[PDB]
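Numbering (the deposited numbering), first residue to last: 1 to 103.
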């Protein structure tokens, strides 16, 4: 394990905030989704029908730091958080930076 965490920065375009860490935006003109640590909305799929929710409690406010953020700085730490599919695992830094607007 080496210290390679810091996250860079690059403007993007609000496409659709899926959940807390999950967010859809174009950091390089490419519509994708970035989770980094990945939120936790899906919790065990039950056989009976449950209910569709746009976003959890605190993560719902995190969804706002992306639906109306004009200036963005998608910070992707050195060596993106890839794994099996190699998604764009990173965080968005627009309007508030780090999406930590809830204080």
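Beta carbons: idealized from backbone N, C-alpha and C, even for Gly.
Residue i versus the options, residue with shortest Cα-Cα distance
i	options	result
residue 31	15, 44, 19 and 38	15
residue 38	89, 97, 99 and 100	89
residue 68	17, 5 and 33	17
residue 12	55, 41 and 34	34
residue 21	7, 40 and 5	40
Cα-Cα separation between residue i and residue j, rounded to whole angstroms
i	j	result
residue 75	residue 93	7 Å
residue 61	residue 102	7 Å
residue 72	residue 63	14 Å
residue 104	residue 19	Residue 104 cannot be examined here, being either before or after the span of the chain that is shown, 1 to 103.
Residue i - partner residues in DSSP beta bridges
i	result
residue 76	In the DSSP output, where bridge partners are listed per residue, residue 76 has none listed.
Range of the contiguous alpha helix (DSSP H) that encloses residue i
i	result
residue 38	Here residue 38 belongs to no alpha helix (DSSP H), and DSSP marks it neither H nor E.
residue 14	Note, residue 14: premise wrong, no alpha helix (DSSP H); beta strand (DSSP E) at 14-16.
Endpoints, beta strand (DSSP E) assigned at residue i
i	result
residue 24	23-26
Cβ-Cβ separation, residue j to residue i (assumed contact under 8 Å), whole Å
i	j	result
residue 96	residue 65	5 Å
residue 25	residue 91	With a Cβ gap of about 11 Å, residue 25 and residue 91 do not count as contacting.
residue 77	residue 4	7 Å
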